[PDB]
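Engineer: I need the structure of the sequence given here:
(10 chains, ligands or ions: 6)
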Amino acid sequence: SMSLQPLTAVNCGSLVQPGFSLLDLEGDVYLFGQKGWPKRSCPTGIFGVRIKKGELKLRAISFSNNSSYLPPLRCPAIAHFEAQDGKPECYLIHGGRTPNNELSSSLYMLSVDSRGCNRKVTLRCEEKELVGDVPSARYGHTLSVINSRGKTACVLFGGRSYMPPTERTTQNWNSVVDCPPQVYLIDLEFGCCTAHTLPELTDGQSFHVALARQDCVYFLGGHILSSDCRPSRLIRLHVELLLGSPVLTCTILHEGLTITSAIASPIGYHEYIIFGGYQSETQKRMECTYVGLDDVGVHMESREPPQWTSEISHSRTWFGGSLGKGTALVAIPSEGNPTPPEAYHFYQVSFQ
Amino acid sequence: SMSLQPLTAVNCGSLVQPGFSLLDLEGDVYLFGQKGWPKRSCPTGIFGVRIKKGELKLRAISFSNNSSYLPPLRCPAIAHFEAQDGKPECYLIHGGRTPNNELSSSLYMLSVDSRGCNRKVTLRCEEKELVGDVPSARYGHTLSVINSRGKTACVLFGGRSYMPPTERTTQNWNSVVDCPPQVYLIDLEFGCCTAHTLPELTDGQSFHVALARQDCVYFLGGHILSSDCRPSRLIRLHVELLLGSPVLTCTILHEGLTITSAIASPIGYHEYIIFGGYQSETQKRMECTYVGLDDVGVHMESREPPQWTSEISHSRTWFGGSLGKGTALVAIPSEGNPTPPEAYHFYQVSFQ
Amino acid sequence: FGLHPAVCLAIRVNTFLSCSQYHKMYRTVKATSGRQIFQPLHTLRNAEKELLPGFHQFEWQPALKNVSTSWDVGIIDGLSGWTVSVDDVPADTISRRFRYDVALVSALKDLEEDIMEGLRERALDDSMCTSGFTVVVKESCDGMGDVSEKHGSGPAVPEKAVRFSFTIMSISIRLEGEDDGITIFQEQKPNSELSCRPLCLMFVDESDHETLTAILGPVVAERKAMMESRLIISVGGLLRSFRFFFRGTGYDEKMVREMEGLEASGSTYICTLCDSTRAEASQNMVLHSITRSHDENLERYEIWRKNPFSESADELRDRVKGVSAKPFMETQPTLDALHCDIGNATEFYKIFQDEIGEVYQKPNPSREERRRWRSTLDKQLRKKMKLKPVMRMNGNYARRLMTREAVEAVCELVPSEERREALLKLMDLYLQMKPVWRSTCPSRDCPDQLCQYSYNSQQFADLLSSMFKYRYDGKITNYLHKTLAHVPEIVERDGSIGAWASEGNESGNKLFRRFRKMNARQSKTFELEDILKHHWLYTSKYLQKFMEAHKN
Amino acid sequence: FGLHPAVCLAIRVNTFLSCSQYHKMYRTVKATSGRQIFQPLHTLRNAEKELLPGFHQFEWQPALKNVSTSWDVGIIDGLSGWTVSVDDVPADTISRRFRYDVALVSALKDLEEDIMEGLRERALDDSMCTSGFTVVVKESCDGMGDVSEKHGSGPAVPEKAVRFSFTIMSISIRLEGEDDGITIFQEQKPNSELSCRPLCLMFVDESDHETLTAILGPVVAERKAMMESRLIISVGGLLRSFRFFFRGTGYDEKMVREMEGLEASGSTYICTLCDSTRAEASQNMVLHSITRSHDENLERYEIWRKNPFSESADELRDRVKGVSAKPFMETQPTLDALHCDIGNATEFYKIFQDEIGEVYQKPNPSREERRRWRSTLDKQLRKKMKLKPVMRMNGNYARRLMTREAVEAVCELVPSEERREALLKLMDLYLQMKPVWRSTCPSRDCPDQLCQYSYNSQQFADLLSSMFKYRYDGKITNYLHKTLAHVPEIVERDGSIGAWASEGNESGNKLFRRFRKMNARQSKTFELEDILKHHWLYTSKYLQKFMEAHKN
DNA sequence: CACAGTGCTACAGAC
DNA sequence: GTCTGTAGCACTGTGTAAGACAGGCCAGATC
DNA sequence: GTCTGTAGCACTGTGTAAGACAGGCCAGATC
DNA sequence: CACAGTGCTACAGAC
DNA sequence: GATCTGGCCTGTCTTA
DNA sequence: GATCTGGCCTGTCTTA
Ligand SMILES: [Ca+2]
Ligand SMILES: [Ca+2]
Ligand SMILES: [Ca+2]
Ligand SMILES: [Ca+2]
Ligand SMILES: [Zn+2]
Ligand SMILES: [Zn+2]
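Structural biologist: Numbers count the residues shown, from 1 in each chain, chains lettered A, B, ... in the order given. Ligands and ions are numbered 1, 2, ... in the order given. Take a look:
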């Protein structure tokens, strides 16, 4: 079953903002993307998350000497590169949006470097140069890793962006549009990107969930901005790395799941659990969903949700990320006078 | 010599006001006269003062069952009735001014009743009825006890009061005048008072120090409100109790001391020390003065003052009372933004 | 081509124009189209001295006891001759006032036109009927915090202020006989600013009972002197005799307890009007008669001081029902509509908070759970009812919160459908009895709710007893007790409750801040002397008629 | 008679009358002496639309990059098309603004009387002289706390506000050629409210760098678009070409650090203008050159991001001199006179406190004796110098405190008669150099102090080094560093310091509060839209001339 | 060297 | 000679929250 | 037919600090 | 059942 | 060394 | 069980 326990943020509630990332590296979870530019208390901007005794504590992580430093991107595409040859195990980030609202259009590989001493870990970030046909600066898109024969590539798809520089006006400045619906194959070196268009992917989407397994990627419910619809349909994409041009085919599967901005926590070998973003523009999704996927296709079954508190049930918005091994963290904005100033109440939900 | 040590009031800051009294009963000192009417934290209005470890602590005292309760008078005439027959040892209070600014015109005998258990003391107050020829309601006056062969009586003299009820206007409401300069002999029972006029006492005075010994009372420097002068002359008045009318004679002595509202702490058998009130309306007196008095007359010698701090030296006003055995407590108003809210800085001065 | 100095003085006062701004406008309108339309400044200074206190000649019969017979005094400093010796209590106060009866005759001479009109339309004639005038005066006083202090010269002064004011409610006549009294003028908007005339200004803290009594002593002396005499004033060409009835009702409860010798405010003795204890007022919530009076408090503190039966502290307090200080000012035994509203609203806020969480099953929650419930309640009341969370409960929030739709917005959070209807019934019961204490005249405006008050309050109390016993086992708020036990006899003794509320005085505090910022000399020696005068002008009927009469 | 709608509109705006109050007066003056003198309300609504932005036709050559070519836009919401999806960053903001170049056109066209008369007094003619105009624009921006939030409908909004404004400092002409430029108009009171025109208002906290950049993005884009084009405006009947120089100087230090990518504010790198560390500024107090620029901060944060030499965090930080955030807005490398004054005054306050107690002998005092010294200093400064103690140092207190006589009132408390001479010498040294950064033009109205500045600051620094080393061993205030090291070169590069202060902007905050309370609809959806327009009207030269000209 | 007032009292200029 | 307009006086309000950094100490991990 | 005056809309500001009291616990004094 | 506004937009009344 | 009791302390309530 | 080191904590400083 599933249980939620309320947490308490001891001395850092000023760092979490609706768009942030939680990276599970070697069992340790790292918060990435904080409000504002990195202060001097933590000049890196990446924190180690430790949950214990109903408390949520954050620790300042440092980098290595050969690493490039990193702006706190807000809604980047995040791909867990799993431990394999050559060097395990990266965490691909591209590209999000900057504290001053630009879009990065840069790829960053984030790995673990050394330990300890006293449970101290140093990370490292290689900003990997991209030669293409590079994809445009965007956010809300998704990035996934695929293995075929037995080469490893990275598929990139979706996202929003600002209007083209020709139509952009100081009165159009903050309006966003979906990028054209092409898929990008990023080799990780050679740092060569290729763009491929698909007859069945007729319009772009954003804030979808992408689940990859062994040379097949399944795109679940996204949000289409042109028609203002949340499609129930599921996309299944089959790639294959032929020397030397990547032939690539697509298909629409009948019914998937109507969600946007979800939390996909992994529980099993290739099985995840969806904790829910939003069904409609006014109604956040309150039900859980188990999604295991195999060689035959996707499977999907209802799980019973936990006893949602009145507060987390009547809240307008919510967000969070997976703490790993069937556990995730959710946040709720708080309203009070005076300011608490703890901006968010925190819960930890766990499956089994 | 003499030393001053700064104290700190731990929690009692709202109770001390410029006009208050410190009564030394059986070695323990009691604060009497607090700001406002008695709260429920101390429904008596009298507190026990304990100075230790540089801290000033107040403890709520209770009364007995047969005692009359007591308004917090502000500038009453105070006479330490010493332990003798019949009942020792009282503390005469008459009459001060009430929280709502009336003048009391009542006489209260304040004595110790029982102890302990855990250093708990209960007092008692008898409002002694006065039949006369009673004195008018006043304040800033003085009261002393005298013994002549060997009957005991109380001399009462000086003070201010509100203007007569015929000339008092709602535009004259708060203006005060010195009451006529008669001396009142109060027998302590029966409560028969008698007034006597003196050819050499032509004008009334207030805020003078009265030192009594063995059927002679010495009135030191007062303030005359008609001529707005502070006389440096000393008055010495000699009483004698012959039934049935107390013959009574006076004399002006060459020079005394030009002070008002002083602190007369006792150090010896019949010798006190004056810590200083005010010399002139703009200049508070900063020098000490030893005053021992005998059968020949009053004697007067300058002692060295303690090294006054800059704060207690540049203050506009000050007040306090004798903690006994050559020790006294002084208070200084404090200015700050925001309110401290500790209204007064406290010092303890001690001789030898 | 030309305006009457009175007209343009009313223009300048009623529109909040400062003197400097008015002059700025006058010179401009005088250089374009040279003919001066407005009057210069000095002629307005000359125009107003007929309107300020100290202009008309009057006399009392018999003469007022220990009040001077001069009739031409204007602005006095309220220190009243405080001798400034250094050994005495300090003169910490900056305060200024009108001398009471002079300001009274000024405010009465202001109502000349309305007195004459009320005489003529009830078809009474005037050679007649110059003998039995009766004026009913509502007086009011309130403290006020957050008053920034000026640099100035001296002396050092607190950052709080006390503001004593009054207003003329009604004026009637009883000549010749049988008639109770034929009301000839009555205030149409008694809770408005335009009918709350300032009397006394102080930079004093409410709490210091020493300085407040020193400043307010002469005023209470004048009040006690006026209950006996007859005023005689030439109004409408004839000398006429007036009587005065003073009703002090514009006091919040803290002030009433400070002023009547009672202990404040979460005592064991809760009521200002009755003697019942806190616990005793839980078992029986609706059956209490009004007993306390100023004279009885006066004679009870004599018991406290003399202690004629020689009992302990607690036995004596029980004997005296908590009168341990001497009462200083007579106060009408009534209720305050505004602060009662705010108190009952904060109580219902707490009840909603304790219904979102189900504190009738889980009797002891944590503090973070209570904070979480507060968060969810405030978010719900932001979505519907469109309220922001407030630091403190104020009147407008109380008005919008104690509606039926707000309760229904709350019930969406209460899980189980019995407590839902429980507190819904509670709210509609409360709304069936609110208009009785906030109407200007309940016997005419909402008569049936006046009639049904006893039974309604009975059911309210029993609903509390039954399904909220976890909250009201032995604890009640004072205003709930007053609202449930004393309303009917108050409205039957006085006639109304809302007409005598603290609303007008608090409304005048706004004007105090406004005029201190923009209508006075910026100095400690003069700011009060200016605020008082301009405030007195702003609340004059004679100057307010120039605004309306010259439109319709 | 009857007044020109422009005249009475200026009457209504410049005297702070409400629209409701103005109508209240208009009907009254129209009923007595029925001949209407003032105009009704609707004709003033018609009169002002020529004064608000979006009325005159203009064009840029070449066209502005990514700025629309429409010239008739009025008040826009600053969200600029924020798509309101739920998965995106929320639209937490209520903000309104004028589109930058349109408001610029409006203010410039407002200055056309003075531009023409400035042309005619220099005896330059008009068929000539239409090609080389140069306008110098001072920009300013400041946050503002304690802004009470409305109930309204939505969305939930913080209780702080940011207010971006600008003012036209000077406008000159360069053609024929040899002349540097012949100034034709220049601001006489640049630190006044009447010459600080509002551009954009937001309910945003200063601190949230995410929302502030989202609001201010378009504005900075328009700024960067205007530096190349030339405006063309029909002023004086003829089409004329203007160019613009923007100098952002109305920023306190905190905002300069926030907007130039520097770490704030008690850092190891203290100066906004130089690269010297804190301890390094103790040894050498007076010898530092200005090196930092927006160009170079932009160039340096790329060093921080890419880390091309693979150094650790601290080696990288000192290689980049504390640039770890991307600079977002170009800021003129100068000083703020007002906040510099306040900072140096609070420093001298602390020095007096450390001289009453003799902390140069007893190096570690307690907390209670530091509080005791504070009390004695405040009492002394109340007796003489007539000051009350302040919660926080402000400008007026700073002005009255840094006088000769105040130091002499302090010396009466210092016992040792050589430290008295010490800090007295300190104070006159400081007064010999304050007018250089407070004057509107130092080279004209205090030239000798301008030339004697290097030597004076030298002696000030050495007095600190010798007789106060117990305090300045390795720590200095940032403003003390700026005041001692950078004043001369600033005044030589720019011409003045006090003329470009933040004084006018802070003065406009006063108007923001006033208008929000008395000159706008009371709703979240409209109050900014009203405050912006009325504030723009109040700061118009054309409406301000009706006040002055029709007096003298 | 902020600056536009804050209201009252004197003291000139103007018929 | 009445009426009018301004100078003198002493003081007002707008300037209002977190972050940096050095030193001490303790807890948890390793030898 | 232009000009003019008011009703509708949704929300504003004045309401703003200590004291009472019950229960638990510890420190100091006595047997 | 506080109350006097806060400014703008419609919509009648008035020549 | 054990026991008792007064008074201090904290938290909740009631009005502002 | 002893030793080491990272990170927490407090207080002071700097601008608001
Ligand atoms: Ca009050
Ligand atoms: Ca109040
Ligand atoms: Ca600021
Ligand atoms: Ca500001
Ligand atoms: Zn009762
Ligand atoms: Zn520098």
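
Engineer: so how far is ligand 3 from residue C:346?
Structural biologist: 36 Å (Cβ to the ion, to the nearest Å). No exception for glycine: its C-beta is placed from N, CA and C like everyone else's.

Engineer: neighbours of that residue, just the number please.
Structural biologist: For residue C:346, the count of nearby residues is 17 (other Cβ atoms under 10 Å in any protein chain shown).

Engineer: just checking, residue C:87 touches residue B:280?
Structural biologist: No: counting by Cβ atoms under 8 Å, residue C:87 stays clear of residue B:280, with 11.8 Å between them.

Engineer: Look at the two and report which has more neighbours.
Structural biologist: Counting neighbours by other Cβ under 10 Å for residue C:87 and for residue B:280 shows that residue C:87 has the greater number, 20 against 11.

Engineer: in what helix or strand does the more buried one lie?
Structural biologist: Secondary structure from DSSP states H and E places residue C:87 outside every helix and strand.

Engineer: ditto for the one 10 residues further on
Structural biologist: Under the assignment given by DSSP H and E, the secondary-structure element containing residue C:97 is strand C:95-98.

Engineer: I'd like to know which elements that strand is packed against.
Structural biologist: strand C:75-77, strand C:197-202, helix C:527-538 (3 or more Cβ pairs under 8 Å, 6 or more residues apart in numbering or on different chains; DSSP states H and E).

Engineer: Tell me which of the ones you listed is the most buried.
Structural biologist: Highest mean neighbour count of these: strand C:197-202, a mean of 24 (counted as mean count of other Cβ atoms under 10 Å in any protein chain shown).

Engineer: That one versus helix C:527-538: what angle between them?
Structural biologist: Calculated by axes from the mean of the first three to the mean of the last three Cα atoms, to 10 degrees, strand C:197-202 forms an angle of 170 degrees with helix C:527-538.

Engineer: what about strand C:197-202, distance to the chain center?
Structural biologist: Distance of strand C:197-202 from the chain centroid (Cα atoms, centre = their mean, to the nearest Å) equals 13 Å.

Engineer: Same question for stretch A:202-216.
Structural biologist: For stretch A:202-216, the distance to the chain centre is 12 Å (Cα atoms, centre = their mean).

Engineer: In the stretch 101-250 of chain A, what residue lies closest to ligand 2?
Structural biologist: Among the residues of the stretch 101-250 of chain A, residue A:174 lies closest to ligand 2, at 45.2 Å counting by Cβ to the ion.

Engineer: re the thing from before, just give the strands next to the strand holding residue C:97 in its sheet, each with its orientation.
Structural biologist: As defined by DSSP bridges, the strand partners of strand C:95-98 come to strand C:75-77 (antiparallel), strand C:197-202 (antiparallel).

Engineer: The last one near DNA strand H at all?
Structural biologist: No: contact between strand C:197-202 and DNA strand H, assessed by Cβ under 7 Å from any atom of the strand, is absent, since the two come no nearer than 14.1 Å.

Engineer: who's in contact with the strand holding residue C:97?
Structural biologist: Strand C:95-98 is contacted by residues C:53, C:74-79, C:106, C:164, C:199-204, C:215, C:219, C:528-529, C:532, C:536 when judged by Cβ atoms under 8 Å, 6 or more residues apart in numbering or on different chains.

Engineer: And for stretch C:146-153?
Structural biologist: C:157-161, C:203, C:516, C:522-525, C:527, D:386-388.

Engineer: which among those residues end up buried?
Structural biologist: Listed as buried from the contacts of stretch C:146-153 are C:157-158, C:160-161, C:203, C:516, C:524, C:527, D:387-388; burial here means 16 or more other Cβ atoms under 10 Å in any protein chain shown.

Engineer: what's the burial count for the residue in the stretch 101-250 of chain C positioned nearest to chain A?
Structural biologist: Across the stretch 101-250 of chain C, no residue is closer to chain A than residue C:146, which sits at 16.7 Å (Cβ to the nearest Cβ). By other Cβ under 10 Å, the residues close to residue C:146 number 8.

Engineer: can you check residue C:148 too?
Structural biologist: Applying other Cβ under 10 Å, we find 8 residues neighbouring residue C:148.

Engineer: which residues touch residue 102?
Structural biologist: In the absence of a named chain, chain A is used. Residue A:102 makes contact with residue A:137 under the criterion Cβ under 8 Å, 6+ apart.

Engineer: Switch to chain C, please.
Structural biologist: So residue C:102 contacts C:53-54, C:71, C:73 (Cβ under 8 Å, 6+ apart).

Engineer: Perfect, that will be all.
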